[PDB]
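First the structure, in the form of structure tokens, and then the observations on it.
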Amino acid sequence: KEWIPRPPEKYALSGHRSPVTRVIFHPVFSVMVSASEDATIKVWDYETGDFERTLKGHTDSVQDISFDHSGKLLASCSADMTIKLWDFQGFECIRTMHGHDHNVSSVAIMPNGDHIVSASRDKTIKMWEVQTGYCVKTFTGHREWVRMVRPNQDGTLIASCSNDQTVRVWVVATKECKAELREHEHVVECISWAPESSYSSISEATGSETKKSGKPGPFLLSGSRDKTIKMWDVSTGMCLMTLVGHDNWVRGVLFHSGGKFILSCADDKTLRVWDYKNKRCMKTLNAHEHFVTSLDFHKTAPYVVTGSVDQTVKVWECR
Amino acid sequence: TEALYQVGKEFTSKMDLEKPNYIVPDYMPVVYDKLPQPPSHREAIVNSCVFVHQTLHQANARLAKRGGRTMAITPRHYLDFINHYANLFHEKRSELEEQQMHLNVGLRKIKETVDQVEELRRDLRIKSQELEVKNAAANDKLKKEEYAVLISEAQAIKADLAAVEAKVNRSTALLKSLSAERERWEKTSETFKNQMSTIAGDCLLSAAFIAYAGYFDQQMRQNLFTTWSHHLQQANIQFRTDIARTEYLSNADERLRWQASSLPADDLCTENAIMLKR
Amino acid sequence: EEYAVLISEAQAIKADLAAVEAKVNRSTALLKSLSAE
């Protein structure tokens with residue numbers, strides 16, 4: 001699909017008293033969820049831009065939020081060293097798993113919907129259980145602050161980006177870093193993998209050769225503060241293409257639901273949509289008066305949301 | 001007992017009540033027969049609730065034996081007990097989380113303030129150095145019209161340095177005042193994690209007191225509270241044994257307001273007012 | 001030595017004089033503007 005955001009906006013939601021840290025879309029409902037630095041998570045209706053409710057259980061600034069496949073649970077991480085699991089039917093905190101020393105940066109529920117991953121300043125990624133709440137296995141190997149963590153589409157592979165210039169892909173079963181990538185010029189901040197709707201579109205975009213099995217293999221991407229966006233092959237570990245042109249540090253990256261275009265945000269106060277198969281789309285779209293922090297793409301609806309340091313969340317129409 | 005345990009489990013299912021590091025005592029006070037042999041924290045909490053409900057029956061039987069007057073203990077008492085438990089848990093957890101958030105913000109502000117105190121130190125040093133070089137140049141060029149201009153600029157730098165020094169001592173006075181505040185806030189923030197762990201037992205005891213101990217006199221109110229506390233101790237359920245229930249279930253403003261409403265200055269009267277409130 | 005101090009004192013006096021003169025001019029202009037009021 002050729003959904004592309006347009007410069008005009010529909011709602012600029014501003015209820016947060018502190019800079020917004022991340023914004024996500026609900027899998028099924030017409031609900032947008034924003035986590036900010038005032039230790040609160042707010043719930044919005046992106047269709048009509050109406051504030052709905054707030055989840056004020058966290059102590060320090062909330063960093064990352066994530067839904068599961070069914071959208072019935074919300075996992076949140078904050079600087080108060082804890083992971084809070086929210087029951088989205090009643091919007092009440094049900095389980096607060098402790099540990100994982102120092103500021104927790106990222107959180108994600110793998111599609112199997114029974115376990116959680118989390119990244120923090122303590123140079124490790126932990127593995128929790130939704131049902132019980134015990135950290136069963138711990139991932140070690142990162143020598144610095146791990147910023148973002150993202151799993152696969154079937155709950156087997158995990159990538160973690162850190163300040164140590166390494167984006168290490170991990171395995172659930174063997175707990176070994178089968179792919180280690182240390183090639184970025186400066187701090188790597190955001191990662192996001194490729195949906196299966198774009199696996200075919202990478203073959204003619206790069207010229208990679210299929211293996212004996214024929215599958216192109218799982219795909220990676222890692223944005224970094226060096227103003228460069230680079231997409232990576234999980235199976236091999238070699239570079240496909242480097243996307244260059246961002247003015248400032250990039251903070252969020254994700255793929256179009258149709259798997260054709262690249263759409264990302266950065267500290268350059270603008271949203272930039274890039275094409276990689278043909279390098280034709282290079283639309284630059286300002287979004288906020290201050291730094292822009294995070295963003296998300298609706299799977300089916302033509303909507304994109306962006307969170308910024310100006311305590312405002314904005315919704316853009318895709319056309 | 002099975003019905004009480006099931007009602008407690010279903011009602012307190014959305015309460016956190018999860019302690020991964022729970023230590024099962026060797027002699028669990030098993031009240032519900034079908035309780036799992038290695039019970040969890042939530043199961044122990046519900047067992048304690050059932051124990052409280054049965055303890056009320058035991059107390060009523062004792063009063064009947066001594067020839068006293070008793071009120072019937074119905075399942076509605078248990079429902080009120082679990083309602084109070086859930087409400088008190090939510091309220092105390094929200095209050096403590098908000099307090100710790102406020103304290104964290106205050107401590108962060110104080111740390112930023114002291115960093116700015118250091119930055120004013122370096123700014124003052126630079127200002128003093130440039131004033132020294134300015135008046136040195138003034139004295140050099142004055143012993144050989146523009147000289148008057150530059151010595152006027154020297155006085156301007158001196159006035160700026162005096163204002164910066166006033167900012168220096170005023171800010172340093174402000175920081176020294178907030179030393180006790182920052183110390184208390186740091187102590188409370190460190191003890192936040194321990195306070196969170198005792199919310200379950202404290203709220204269970206307070207809810208049981210509100211729901212059940214209303215009709216009795218101080219002696220048997222104390223007897224019931226001691227029985228519940230001993231059972232919680234035997235089940236390895238953390239609760240605070242230092243705070244008074246009247247202090248826990250009310251704030252000082254409410255107690256002052258009640259005294260203005262001719263409430264007697266008595267612990268039992270304060271508990272009765274709390275029951276009339278919650 | 002002290003002569004430089006006293007001529008700089010005179011310079012401060014002239015700075016204060018200039019400030020007072022500017023304030024006088026500004027307030028006189030303000031008064032002329034409020035005659036109709």
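Letters A, B, ... mark the chains of the structure tokens in the order given; residue numbers begin at 1 per chain; ligand numbers begin at 1, in order shown.
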Polymer residues at most 7 Å from residue 290 (chain A), only C-alpha atoms, same-chain spacing of 5 or more positions, as a PDB file with C-alpha atoms, in the first residue's frame:
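The new file part02.pdb reads:
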ATOM      1  CA  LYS A 269      12.549  18.044  14.217  1.00  0.00           C
ATOM      2  CA  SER A 308       8.068  14.605  20.811  1.00  0.00           C
ATOM      3  CA  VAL A 309       9.892  16.387  23.617  1.00  0.00           C
ATOM      4  CA  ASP A 310       7.358  19.242  23.404  1.00  0.00           C
TER       5      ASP A 310
END
Find the residues of chain B that sit at most 7 Å from chain A; for each, write down the nearest two atoms and how far apart they are in Å, to one decimal. Count only C-alpha atoms. Sort by chain, then by number going up, and give it as a Markdown table.
| residue | atom | partner | partner_atom | distance |
| --- | --- | --- | --- | --- |
| B:14 | CA | A:94 | CA | 5.7 |
| B:15 | CA | A:94 | CA | 6.3 |
| B:16 | CA | A:94 | CA | 5.2 |
| B:20 | CA | A:134 | CA | 6.7 |
| B:94 | CA | A:57 | CA | 6.9 |
| B:97 | CA | A:59 | CA | 5.8 |
| B:100 | CA | A:59 | CA | 6.5 |
| B:101 | CA | A:59 | CA | 5.0 |
Same residues, C-alpha atoms, output as a PDB file, in the first residue's frame:
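Resulting contents of again.pdb:
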ATOM      1  CA  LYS B  14      -6.591  -8.446  40.019  1.00  0.00           C
ATOM      2  CA  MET B  15      -4.725  -7.465  43.182  1.00  0.00           C
ATOM      3  CA  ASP B  16      -0.976  -7.860  42.779  1.00  0.00           C
ATOM      4  CA  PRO B  20       8.341 -14.280  43.937  1.00  0.00           C
ATOM      5  CA  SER B  94      -1.370   4.774  44.793  1.00  0.00           C
ATOM      6  CA  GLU B  97       3.717   5.607  44.460  1.00  0.00           C
ATOM      7  CA  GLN B 100       7.842   8.432  45.837  1.00  0.00           C
ATOM      8  CA  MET B 101       7.341  10.169  42.480  1.00  0.00           C
TER       9      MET B 101
END
Report as a PyMOL selection string all protein, DNA and RNA residues lying within 12 Å of residue 132 (chain B), evaluated on only C-alpha atoms, omitting residues in the same chain fewer than 2 positions from it. chain B and resi 125-130+134-139+151+154-155+157-158+161
What residues in region 114-258 of chain A get the DSSP label strand (DSSP E or B)? Please answer as a PyMOL selection string. chain A and resi 115-120+124-129+137-140+146-151+157-162+167-171+179-181+188-191+219-224+228-233+239-244+250-255
Print the selection's residues with C-alpha atoms to a file, as a short mmCIF file (atom, residue, chain, number, x, y, z; two decimals), in the first residue's frame.
data_model
loop_
_atom_site.label_atom_id
_atom_site.label_comp_id
_atom_site.auth_asym_id
_atom_site.auth_seq_id
_atom_site.Cartn_x
_atom_site.Cartn_y
_atom_site.Cartn_z
CA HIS A 115 7.07 -14.06 28.08
CA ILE A 116 8.65 -10.60 28.02
CA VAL A 117 12.06 -9.18 27.13
CA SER A 118 13.57 -6.01 28.55
CA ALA A 119 16.72 -3.91 28.15
CA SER A 120 18.35 -1.65 30.72
CA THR A 124 21.97 -7.10 30.13
CA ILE A 125 18.65 -8.22 28.65
CA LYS A 126 16.33 -10.24 30.88
CA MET A 127 13.59 -12.75 30.07
CA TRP A 128 10.43 -12.70 32.18
CA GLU A 129 7.25 -14.77 32.28
CA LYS A 137 17.21 -16.59 31.89
CA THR A 138 19.44 -13.53 31.55
CA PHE A 139 21.25 -12.37 28.41
CA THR A 140 24.82 -11.14 28.86
CA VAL A 146 21.31 -1.44 25.88
CA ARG A 147 18.81 0.98 24.35
CA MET A 148 16.19 -0.96 22.36
CA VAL A 149 15.16 -4.61 22.12
CA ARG A 150 12.89 -6.15 19.47
CA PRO A 151 11.87 -9.80 18.91
CA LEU A 157 14.98 -14.34 17.77
CA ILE A 158 15.91 -11.19 19.70
CA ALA A 159 18.04 -8.19 18.71
CA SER A 160 19.42 -5.64 21.17
CA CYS A 161 21.05 -2.31 20.34
CA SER A 162 23.36 -0.67 22.86
CA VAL A 167 23.58 -4.86 17.64
CA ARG A 168 23.63 -8.45 18.88
CA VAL A 169 20.95 -10.89 17.71
CA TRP A 170 20.07 -13.52 20.31
CA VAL A 171 18.35 -16.91 20.25
CA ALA A 179 25.13 -12.68 14.99
CA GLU A 180 27.17 -9.79 16.41
CA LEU A 181 27.33 -6.54 14.44
CA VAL A 188 23.02 2.93 17.91
CA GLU A 189 19.62 3.90 19.32
CA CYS A 190 16.70 2.23 17.50
CA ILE A 191 16.06 -1.10 15.78
CA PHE A 219 16.22 -9.22 8.25
CA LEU A 220 17.43 -6.50 10.61
CA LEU A 221 17.74 -2.74 10.82
CA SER A 222 19.52 -0.43 13.26
CA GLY A 223 19.33 3.35 13.45
CA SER A 224 22.14 5.26 15.13
CA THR A 228 22.74 6.96 9.26
CA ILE A 229 20.07 4.27 8.91
CA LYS A 230 21.42 0.83 8.00
CA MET A 231 19.51 -2.37 7.23
CA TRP A 232 21.17 -5.68 8.06
CA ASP A 233 20.89 -9.38 7.25
CA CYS A 239 25.37 -4.72 4.89
CA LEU A 240 22.56 -4.24 2.38
CA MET A 241 22.37 -0.44 2.07
CA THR A 242 23.15 2.62 4.19
CA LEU A 243 20.51 5.37 4.25
CA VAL A 244 22.14 8.77 4.76
CA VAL A 250 17.72 9.30 14.75
CA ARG A 251 15.46 7.99 17.50
CA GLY A 252 12.85 5.80 15.80
CA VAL A 253 12.71 3.54 12.75
CA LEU A 254 10.05 1.20 11.38
CA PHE A 255 8.81 -0.24 8.10
#
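Closest approach to residue 11 (chain C) among B:150, B:175, B:199, B:213: B:150, based on only C-alpha atoms.
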Using only C-alpha atoms, select each residue of chain C with any atom at most 10 Å away from an atom of chain B, and give the selection as a VMD selection string. chain C and resid 1 4 to 5 7 to 12 14 to 15
Produce a file of the selected residues containing C-alpha atoms, as a JSON list (two decimals), in the first residue's frame.
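File produced: result06.json:
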[["chain", "number", "residue", "atom", "x", "y", "z"],
["C", 1, "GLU", "CA", 47.15, 54.95, 42.44],
["C", 4, "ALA", "CA", 42.85, 56.30, 39.11],
["C", 5, "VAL", "CA", 40.29, 55.14, 41.68],
["C", 7, "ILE", "CA", 38.69, 59.26, 38.22],
["C", 8, "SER", "CA", 36.94, 55.89, 37.87],
["C", 9, "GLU", "CA", 34.54, 57.09, 40.57],
["C", 10, "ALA", "CA", 33.90, 60.13, 38.36],
["C", 11, "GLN", "CA", 33.27, 57.73, 35.47],
["C", 12, "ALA", "CA", 30.69, 55.91, 37.58],
["C", 14, "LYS", "CA", 28.85, 60.08, 34.68],
["C", 15, "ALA", "CA", 27.31, 56.65, 34.01]]
What is the CA of residue 155 (chain A) to CA of residue 204 (chain A) distance in Å?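 Computing the Euclidean distance for CA of residue 155 (chain A) and CA of residue 204 (chain A) yields 27.8 Å.
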What gap, in Å, lies between CA of residue 12 (chain B) and CA of residue 74 (chain A)?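 Rounded to one decimal, the two atoms are 20.0 Å apart.
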Using CA of residue 73 (chain A) and CA of residue 110 (chain A) as the two end points, give the distance in Å to one decimal. 12.1 Å
Would you pick out the contacts of region 262-264 of chain A at 9 Å or less, using only C-alpha atoms, so that residues sharing its chain but fewer than 2 positions from it are not included, and give the list as a VMD selection string? chain A and resid 4 250 to 256 259 to 260 266 271 to 276 281 294 to 297
I need the residues in region 15-155 of chain B that are alpha helix (DSSP H) according to DSSP; give them as a VMD selection string. chain B and resid 41 to 65 75 to 142 146 to 155
